[PDB]
>>> print(open('final_25.txt').read())   # compact mmCIF, C-alpha atoms and all ligand atoms
# COMPACT_ATOMS: atom_id res chain seq x y z
CA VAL A 3 110.74 57.28 122.99
CA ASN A 4 108.52 59.82 124.78
CA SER A 5 108.71 63.55 125.51
CA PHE A 6 109.79 63.53 129.24
CA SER A 7 113.11 65.41 129.69
CA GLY A 8 115.71 65.84 132.44
CA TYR A 9 114.68 62.76 134.37
CA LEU A 10 117.07 60.61 136.35
CA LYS A 11 116.49 56.88 135.75
CA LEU A 12 116.07 54.93 139.08
CA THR A 13 115.04 51.54 137.65
CA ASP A 14 113.94 49.91 134.41
CA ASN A 15 110.60 51.73 134.67
CA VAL A 16 110.83 54.52 137.30
CA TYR A 17 112.24 57.99 136.61
CA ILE A 18 112.47 61.05 138.91
CA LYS A 19 112.85 64.82 138.39
CA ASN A 20 112.81 67.95 140.55
CA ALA A 21 109.83 69.65 138.93
CA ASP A 22 106.49 71.30 139.55
CA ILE A 23 103.99 68.70 138.32
CA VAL A 24 101.68 71.48 137.09
CA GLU A 25 104.40 72.99 134.94
CA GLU A 26 105.63 69.56 133.99
CA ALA A 27 102.10 68.61 132.94
CA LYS A 28 101.63 71.93 131.11
CA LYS A 29 104.67 71.30 128.94
CA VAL A 30 104.50 67.59 128.35
CA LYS A 31 100.64 67.14 127.96
CA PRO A 32 101.08 63.56 129.13
CA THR A 33 98.42 60.97 128.46
CA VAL A 34 97.98 60.56 132.25
CA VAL A 35 98.77 62.89 135.13
CA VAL A 36 98.21 61.44 138.61
CA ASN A 37 96.49 63.53 141.26
CA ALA A 38 97.12 63.00 144.98
CA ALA A 39 93.39 62.86 145.69
CA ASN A 40 91.26 62.29 148.77
CA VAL A 41 88.15 60.10 148.79
CA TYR A 42 85.85 63.13 148.35
CA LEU A 43 87.87 64.55 145.43
CA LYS A 44 88.06 67.83 147.37
CA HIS A 45 91.10 69.42 145.71
CA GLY A 46 91.95 71.97 148.35
CA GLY A 47 95.72 71.88 148.76
CA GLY A 48 98.93 70.08 148.08
CA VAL A 49 99.27 68.59 144.62
CA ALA A 50 95.49 68.42 144.20
CA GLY A 51 94.93 72.06 145.02
CA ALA A 52 97.71 73.08 142.65
CA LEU A 53 96.46 70.88 139.81
CA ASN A 54 92.90 72.07 140.31
CA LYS A 55 93.97 75.73 140.41
CA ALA A 56 95.81 75.24 137.10
CA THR A 57 92.50 74.02 135.56
CA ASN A 58 90.69 77.18 136.74
CA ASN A 59 88.57 74.93 139.06
CA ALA A 60 87.26 72.80 136.17
CA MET A 61 88.78 69.73 137.83
CA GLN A 62 86.75 70.45 140.99
CA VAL A 63 83.51 70.98 139.04
CA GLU A 64 83.97 67.67 137.21
CA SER A 65 84.93 65.94 140.47
CA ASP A 66 81.84 67.18 142.31
CA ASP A 67 79.63 65.70 139.58
CA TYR A 68 81.58 62.41 139.81
CA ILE A 69 81.04 62.20 143.59
CA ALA A 70 77.37 63.17 143.33
CA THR A 71 76.88 60.22 140.96
CA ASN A 72 79.23 57.59 142.41
CA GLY A 73 79.95 58.49 146.03
CA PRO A 74 83.43 58.63 147.54
CA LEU A 75 86.43 56.66 146.42
CA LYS A 76 88.11 54.05 148.64
CA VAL A 77 91.44 54.76 150.30
CA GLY A 78 93.81 52.94 147.95
CA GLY A 79 91.41 53.43 145.02
CA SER A 80 91.25 55.65 141.98
CA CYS A 81 89.15 57.03 139.17
CA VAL A 82 89.96 58.33 135.69
CA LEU A 83 88.63 61.79 134.87
CA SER A 84 89.58 64.47 132.37
CA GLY A 85 93.07 65.95 132.37
CA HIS A 86 91.61 69.31 131.31
CA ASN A 87 94.41 71.61 130.07
CA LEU A 88 97.11 69.53 131.79
CA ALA A 89 96.89 66.02 130.27
CA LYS A 90 94.46 63.79 128.30
CA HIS A 91 93.41 62.10 131.55
CA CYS A 92 93.82 62.62 135.26
CA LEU A 93 94.12 59.47 137.37
CA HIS A 94 92.88 60.54 140.82
CA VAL A 95 94.58 58.15 143.27
CA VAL A 96 93.87 58.09 147.01
CA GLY A 97 96.90 57.28 149.05
CA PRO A 98 96.46 56.91 152.81
CA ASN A 99 96.64 60.18 154.74
CA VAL A 100 98.76 59.63 157.84
CA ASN A 101 97.33 62.83 159.31
CA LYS A 102 93.94 61.04 159.28
CA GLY A 103 95.29 57.80 160.78
CA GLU A 104 94.91 55.72 157.61
CA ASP A 105 96.79 52.44 157.22
CA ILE A 106 100.10 52.95 155.41
CA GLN A 107 99.85 49.43 153.95
CA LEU A 108 97.15 50.85 151.66
CA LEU A 109 99.97 52.73 149.92
CA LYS A 110 100.81 49.62 147.89
CA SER A 111 97.18 49.27 146.80
CA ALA A 112 97.20 52.95 145.78
CA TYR A 113 100.27 52.49 143.57
CA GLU A 114 98.75 49.37 141.95
CA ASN A 115 96.33 51.72 140.16
CA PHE A 116 99.29 53.02 138.12
CA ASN A 117 99.69 49.58 136.48
CA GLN A 118 96.52 50.17 134.44
CA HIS A 119 98.35 52.90 132.46
CA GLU A 120 101.40 52.39 130.26
CA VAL A 121 102.97 55.78 131.06
CA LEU A 122 102.20 58.31 133.82
CA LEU A 123 103.41 61.60 135.25
CA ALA A 124 102.92 61.35 138.98
CA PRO A 125 103.73 62.71 142.42
CA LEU A 126 104.86 60.50 145.25
CA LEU A 127 101.66 59.14 146.77
CA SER A 128 100.94 59.94 150.42
CA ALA A 129 103.87 62.44 150.49
CA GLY A 130 103.56 66.14 151.31
CA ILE A 131 100.45 67.00 153.32
CA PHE A 132 99.40 63.33 153.36
CA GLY A 133 102.10 62.82 155.98
CA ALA A 134 103.97 59.71 154.83
CA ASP A 135 107.74 59.41 154.53
CA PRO A 136 108.52 60.20 150.85
CA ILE A 137 111.49 57.80 150.93
CA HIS A 138 109.10 54.93 151.92
CA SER A 139 106.66 56.08 149.25
CA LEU A 140 109.42 55.91 146.63
CA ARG A 141 110.36 52.38 147.74
CA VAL A 142 106.74 51.21 147.48
CA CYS A 143 106.45 52.87 144.07
CA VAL A 144 109.53 51.08 142.72
CA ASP A 145 108.43 47.75 144.20
CA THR A 146 104.81 48.02 142.96
CA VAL A 147 104.56 49.96 139.70
CA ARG A 148 105.60 48.01 136.58
CA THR A 149 104.50 50.58 133.99
CA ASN A 150 106.58 53.63 133.14
CA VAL A 151 106.29 56.30 135.81
CA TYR A 152 107.83 59.78 135.73
CA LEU A 153 107.88 61.16 139.29
CA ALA A 154 107.83 64.94 139.77
CA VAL A 155 109.16 66.09 143.14
CA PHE A 156 108.46 69.76 143.85
CA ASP A 157 110.98 70.29 146.66
CA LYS A 158 114.60 70.37 145.48
CA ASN A 159 115.91 69.43 148.94
CA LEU A 160 113.69 66.29 149.26
CA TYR A 161 114.57 65.31 145.69
CA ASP A 162 118.27 65.28 146.56
CA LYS A 163 117.57 63.20 149.67
CA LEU A 164 115.45 60.71 147.69
CA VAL A 165 118.17 60.22 145.07
CA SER A 166 121.06 60.04 147.54
CA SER A 167 119.29 57.49 149.75
CA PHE A 168 117.88 55.34 146.94
CA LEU A 169 118.86 51.67 147.10
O1 LIG B 201 108.29 69.77 152.03
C1 LIG B 201 107.77 69.54 150.99
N1 LIG B 201 107.92 70.30 149.76
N2 LIG B 201 107.14 69.68 148.78
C2 LIG B 201 106.48 68.54 149.38
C3 LIG B 201 105.48 67.55 148.66
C4 LIG B 201 106.18 66.38 148.12
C5 LIG B 201 105.25 65.39 147.62
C6 LIG B 201 103.99 65.97 146.93
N3 LIG B 201 104.04 67.46 146.51
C7 LIG B 201 104.28 67.80 145.12
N4 LIG B 201 104.95 66.95 144.35
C8 LIG B 201 105.20 67.22 143.08
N5 LIG B 201 104.81 68.34 142.52
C9 LIG B 201 104.12 69.27 143.23
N6 LIG B 201 103.63 70.48 142.89
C10 LIG B 201 103.01 71.05 143.95
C11 LIG B 201 102.35 72.29 144.06
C12 LIG B 201 101.79 72.68 145.27
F1 LIG B 201 101.15 73.88 145.38
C13 LIG B 201 101.88 71.82 146.37
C14 LIG B 201 102.53 70.59 146.26
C15 LIG B 201 103.11 70.20 145.03
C16 LIG B 201 103.84 69.03 144.56
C17 LIG B 201 104.70 68.32 147.58
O2 LIG B 201 106.88 68.47 150.73
>>> encode(input="final_25.txt", output="structure tokens")
Amino acid sequence: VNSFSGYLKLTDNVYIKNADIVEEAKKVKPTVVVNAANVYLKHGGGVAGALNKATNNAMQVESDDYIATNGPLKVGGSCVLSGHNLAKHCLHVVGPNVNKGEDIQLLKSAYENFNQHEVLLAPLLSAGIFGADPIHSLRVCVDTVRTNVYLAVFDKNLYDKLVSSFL
């Protein structure tokens, strides 16, 4: 038993809720919140901008030090940093950004990072401003992640479409 509430169960291990991941993170304090990161960890908008704003820019400060030491992430890759006031840890995962022409097949590699964590609160990778079809992203998530994932979907309309079209 864990503290996630109001989720609809899609599979053995995947759950979905219409929620603001920032507010969901603020109430649950999960062990891991996933950020929809880019390779530079520049948290300017979308989920990343909202998560970073909720940390009062501490996420960005930590991220800039990470990049200065390690260089950029790979598309499909990830790093574990602090969760600040939102979670114990933040798993920054880089899904492909369709608006940059990145290969959508890298979406599976991106979701594989979730398997290193027993339980996660996460957005749909490559959705929103990253330009992928959230229904495809959900399918890849279900077919790739084997650990327990609680998906927060900000937009109520998209949430309803994802549930109603789920196979
Ligand atoms: O048309 C819409 N509406 N919503 C979206 C996307 C869906 C996939 C990723 N993404 C999110 N997913 C889950 N929680 C979120 N909290 C946020 C706060 C913000 F300021 C910006 C984005 C999000 C967000 C928005 O596409």
>>> residues_near_ligand(input="final_25.txt", ligand="ligand LIG 201 (chain B)", cutoff="6 Å", atoms="only C-alpha atoms and all ligand atoms", output="JSON, numbers by chain")
{"A": [22, 23, 48, 49, 52, 125, 126, 129, 130, 154, 155, 156, 157]}
>>> closest_atom_pairs(input="final_25.txt", of="range 41-136 of chain A", to="range 11-17 of chain A", cutoff="12 Å", atoms="all atoms listed in the file", output="Markdown table")
| residue | atom | partner | partner_atom | distance |
| --- | --- | --- | --- | --- |
| A:116 | CA | A:16 | CA | 11.7 |
| A:117 | CA | A:15 | CA | 11.3 |
| A:120 | CA | A:15 | CA | 10.2 |
| A:121 | CA | A:15 | CA | 9.4 |
| A:122 | CA | A:16 | CA | 10.0 |
| A:123 | CA | A:17 | CA | 9.6 |
| A:124 | CA | A:17 | CA | 10.2 |
| A:125 | CA | A:17 | CA | 11.3 |
| A:126 | CA | A:16 | CA | 11.6 |
>>> closest_residue(input="final_25.txt", among="A:106, A:137, A:60, A:95", to="residue 163 in chain A", atoms="all atoms listed in the file")
A:137
>>> axis_aligned_box(input="final_25.txt", around="range 142-156 of chain A", padding_each_side="3 Å", output="lines of an AutoDock Vina configuration file")
center_x = 107.0
center_y = 58.8
center_z = 140.3
size_x = 11.0
size_y = 28.0
size_z = 20.3
>>> atom_distance(input="final_25.txt", atom1="CA of residue 167 in chain A", atom2="CA of residue 153 in chain A")
15.9 Å
>>> closest_residue(input="final_25.txt", among="A:151, A:39, A:134, A:109", to="residue 96 in chain A", atoms="only C-alpha atoms")
A:39
>>> atom_distance(input="final_25.txt", atom1="CA of residue 97 in chain A", atom2="CA of residue 128 in chain A")
5.0 Å
>>> atom_distance(input="final_25.txt", atom1="CA of residue 71 in chain A", atom2="CA of residue 54 in chain A")
19.9 Å
>>> closest_residue(input="final_25.txt", among="A:34, A:88, A:100, A:69", to="residue 115 in chain A", atoms="only C-alpha atoms")
A:34
>>> residues_around(input="final_25.txt", residues="residue 102 in chain A", least_positions_apart="3", cutoff="10 Å", atoms="all atoms listed in the file", output="list in words")
residues 98, 99, 105, 132 and 133 of chain A
>>> residues_around(input="final_25.txt", residues="residue 75 in chain A", least_positions_apart="3", cutoff="8 Å", atoms="only C-alpha atoms", output="list in words")
residues 40, 41, 42, 79, 80, 81 and 96 of chain A
>>> closest_residue(input="final_25.txt", among="A:160, A:51, A:30, A:43", to="residue 70 in chain A", atoms="all atoms listed in the file")
A:43
>>> closest_residue(input="final_25.txt", among="A:10, A:50, A:108, A:93", to="residue 131 in chain A", atoms="all atoms listed in the file")
A:50
>>> closest_residue(input="final_25.txt", among="A:148, A:55, A:44, A:94", to="residue 24 in chain A", atoms="all atoms listed in the file")
A:55
>>> decode(input="final_25.txt", residues="range 46-92 of chain A", atoms="N, CA and C atoms", output="mmCIF file, in the first residue's frame")
data_model
loop_
_atom_site.group_PDB
_atom_site.id
_atom_site.type_symbol
_atom_site.label_atom_id
_atom_site.label_comp_id
_atom_site.auth_asym_id
_atom_site.auth_seq_id
_atom_site.Cartn_x
_atom_site.Cartn_y
_atom_site.Cartn_z
ATOM 1 N N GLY A 46 12.465 25.383 -18.660
ATOM 2 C CA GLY A 46 11.843 26.650 -19.008
ATOM 3 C C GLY A 46 10.330 26.639 -19.103
ATOM 4 N N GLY A 47 9.740 25.503 -19.443
ATOM 5 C CA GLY A 47 8.308 25.446 -19.653
ATOM 6 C C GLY A 47 7.808 24.017 -19.627
ATOM 7 N N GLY A 48 6.517 23.870 -19.870
ATOM 8 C CA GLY A 48 5.912 22.575 -19.712
ATOM 9 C C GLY A 48 6.007 22.074 -18.293
ATOM 10 N N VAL A 49 6.062 20.749 -18.148
ATOM 11 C CA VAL A 49 6.210 20.137 -16.834
ATOM 12 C C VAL A 49 7.475 20.635 -16.152
ATOM 13 N N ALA A 50 8.590 20.713 -16.881
ATOM 14 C CA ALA A 50 9.853 21.100 -16.256
ATOM 15 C C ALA A 50 9.784 22.516 -15.710
ATOM 16 N N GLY A 51 9.245 23.447 -16.479
ATOM 17 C CA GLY A 51 9.142 24.803 -15.980
ATOM 18 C C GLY A 51 8.261 24.897 -14.758
ATOM 19 N N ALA A 52 7.180 24.125 -14.727
ATOM 20 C CA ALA A 52 6.271 24.129 -13.592
ATOM 21 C C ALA A 52 6.923 23.489 -12.375
ATOM 22 N N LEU A 53 7.597 22.344 -12.550
ATOM 23 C CA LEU A 53 8.295 21.741 -11.413
ATOM 24 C C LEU A 53 9.367 22.682 -10.889
ATOM 25 N N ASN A 54 10.156 23.261 -11.793
ATOM 26 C CA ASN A 54 11.235 24.129 -11.347
ATOM 27 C C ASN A 54 10.687 25.348 -10.599
ATOM 28 N N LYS A 55 9.620 25.955 -11.127
ATOM 29 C CA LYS A 55 9.001 27.099 -10.467
ATOM 30 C C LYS A 55 8.571 26.741 -9.050
ATOM 31 N N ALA A 56 8.008 25.546 -8.871
ATOM 32 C CA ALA A 56 7.561 25.114 -7.553
ATOM 33 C C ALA A 56 8.718 24.939 -6.568
ATOM 34 N N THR A 57 9.939 24.705 -7.059
ATOM 35 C CA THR A 57 11.142 24.654 -6.224
ATOM 36 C C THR A 57 11.808 26.011 -6.037
ATOM 37 N N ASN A 58 11.179 27.092 -6.493
ATOM 38 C CA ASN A 58 11.756 28.430 -6.351
ATOM 39 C C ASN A 58 13.093 28.526 -7.088
ATOM 40 N N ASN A 59 13.227 27.798 -8.205
ATOM 41 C CA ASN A 59 14.409 27.771 -9.080
ATOM 42 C C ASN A 59 15.557 26.940 -8.499
ATOM 43 N N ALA A 60 15.376 26.280 -7.357
ATOM 44 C CA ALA A 60 16.463 25.459 -6.835
ATOM 45 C C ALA A 60 16.770 24.283 -7.756
ATOM 46 N N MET A 61 15.752 23.723 -8.408
ATOM 47 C CA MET A 61 15.985 22.664 -9.386
ATOM 48 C C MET A 61 16.915 23.142 -10.500
ATOM 49 N N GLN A 62 16.687 24.351 -11.021
ATOM 50 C CA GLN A 62 17.540 24.882 -12.083
ATOM 51 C C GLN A 62 18.971 25.094 -11.601
ATOM 52 N N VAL A 63 19.146 25.627 -10.392
ATOM 53 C CA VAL A 63 20.490 25.864 -9.868
ATOM 54 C C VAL A 63 21.249 24.547 -9.753
ATOM 55 N N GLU A 64 20.596 23.526 -9.194
ATOM 56 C CA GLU A 64 21.225 22.218 -9.081
ATOM 57 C C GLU A 64 21.538 21.641 -10.454
ATOM 58 N N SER A 65 20.608 21.807 -11.395
ATOM 59 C CA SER A 65 20.775 21.274 -12.743
ATOM 60 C C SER A 65 21.942 21.931 -13.466
ATOM 61 N N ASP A 66 22.107 23.242 -13.301
ATOM 62 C CA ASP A 66 23.203 23.933 -13.972
ATOM 63 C C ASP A 66 24.553 23.427 -13.474
ATOM 64 N N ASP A 67 24.661 23.153 -12.172
ATOM 65 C CA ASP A 67 25.882 22.545 -11.643
ATOM 66 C C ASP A 67 26.088 21.141 -12.215
ATOM 67 N N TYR A 68 25.012 20.351 -12.330
ATOM 68 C CA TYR A 68 25.127 19.013 -12.911
ATOM 69 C C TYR A 68 25.673 19.081 -14.333
ATOM 70 N N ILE A 69 25.126 19.978 -15.158
ATOM 71 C CA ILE A 69 25.560 20.082 -16.551
ATOM 72 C C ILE A 69 26.993 20.600 -16.639
ATOM 73 N N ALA A 70 27.345 21.567 -15.799
ATOM 74 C CA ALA A 70 28.710 22.086 -15.814
ATOM 75 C C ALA A 70 29.722 20.987 -15.514
ATOM 76 N N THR A 71 29.344 20.009 -14.692
ATOM 77 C CA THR A 71 30.243 18.911 -14.344
ATOM 78 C C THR A 71 30.221 17.790 -15.377
ATOM 79 N N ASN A 72 29.032 17.429 -15.871
ATOM 80 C CA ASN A 72 28.839 16.190 -16.614
ATOM 81 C C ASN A 72 28.528 16.374 -18.086
ATOM 82 N N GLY A 73 28.193 17.581 -18.524
ATOM 83 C CA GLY A 73 27.723 17.791 -19.873
ATOM 84 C C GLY A 73 26.287 17.323 -20.038
ATOM 85 N N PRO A 74 25.753 17.506 -21.240
ATOM 86 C CA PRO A 74 24.339 17.207 -21.488
ATOM 87 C C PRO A 74 24.018 15.729 -21.358
ATOM 88 N N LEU A 75 22.749 15.476 -21.059
ATOM 89 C CA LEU A 75 22.209 14.127 -21.155
ATOM 90 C C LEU A 75 22.083 13.715 -22.622
ATOM 91 N N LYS A 76 21.815 12.426 -22.828
ATOM 92 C CA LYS A 76 21.408 11.868 -24.116
ATOM 93 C C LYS A 76 19.889 11.928 -24.238
ATOM 94 N N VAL A 77 19.391 12.135 -25.461
ATOM 95 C CA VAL A 77 17.969 11.886 -25.704
ATOM 96 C C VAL A 77 17.696 10.412 -25.438
ATOM 97 N N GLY A 78 16.698 10.132 -24.598
ATOM 98 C CA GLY A 78 16.427 8.794 -24.106
ATOM 99 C C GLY A 78 17.072 8.505 -22.766
ATOM 100 N N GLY A 79 17.938 9.398 -22.272
ATOM 101 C CA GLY A 79 18.638 9.190 -21.025
ATOM 102 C C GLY A 79 18.010 9.914 -19.848
ATOM 103 N N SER A 80 18.700 9.830 -18.714
ATOM 104 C CA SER A 80 18.171 10.372 -17.476
ATOM 105 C C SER A 80 19.292 10.623 -16.481
ATOM 106 N N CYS A 81 18.960 11.397 -15.453
ATOM 107 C CA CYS A 81 19.801 11.496 -14.268
ATOM 108 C C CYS A 81 18.909 11.673 -13.050
ATOM 109 N N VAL A 82 19.421 11.247 -11.901
ATOM 110 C CA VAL A 82 18.741 11.405 -10.623
ATOM 111 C C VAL A 82 19.330 12.603 -9.902
ATOM 112 N N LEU A 83 18.488 13.570 -9.568
ATOM 113 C CA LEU A 83 18.881 14.722 -8.775
ATOM 114 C C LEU A 83 17.910 14.846 -7.606
ATOM 115 N N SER A 84 18.083 15.901 -6.817
ATOM 116 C CA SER A 84 17.192 16.116 -5.688
ATOM 117 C C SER A 84 15.752 16.358 -6.133
ATOM 118 N N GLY A 85 14.805 15.938 -5.296
ATOM 119 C CA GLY A 85 13.415 16.295 -5.481
ATOM 120 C C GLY A 85 13.023 17.571 -4.785
ATOM 121 N N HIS A 86 13.959 18.212 -4.090
ATOM 122 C CA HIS A 86 13.715 19.499 -3.421
ATOM 123 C C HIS A 86 12.497 19.362 -2.516
ATOM 124 N N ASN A 87 11.553 20.285 -2.582
ATOM 125 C CA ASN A 87 10.361 20.290 -1.757
ATOM 126 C C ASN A 87 9.248 19.431 -2.338
ATOM 127 N N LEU A 88 9.489 18.757 -3.461
ATOM 128 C CA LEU A 88 8.433 18.026 -4.155
ATOM 129 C C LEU A 88 8.474 16.512 -3.960
ATOM 130 N N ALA A 89 9.644 15.944 -3.687
ATOM 131 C CA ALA A 89 9.872 14.498 -3.677
ATOM 132 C C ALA A 89 11.250 14.271 -3.059
ATOM 133 N N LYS A 90 11.593 13.020 -2.678
ATOM 134 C CA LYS A 90 12.971 12.726 -2.271
ATOM 135 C C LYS A 90 13.912 12.961 -3.442
ATOM 136 N N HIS A 91 13.563 12.416 -4.610
ATOM 137 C CA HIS A 91 14.401 12.486 -5.794
ATOM 138 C C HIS A 91 13.577 12.957 -6.976
ATOM 139 N N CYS A 92 14.253 13.612 -7.915
ATOM 140 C CA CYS A 92 13.695 13.874 -9.232
ATOM 141 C C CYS A 92 14.490 13.092 -10.261
#
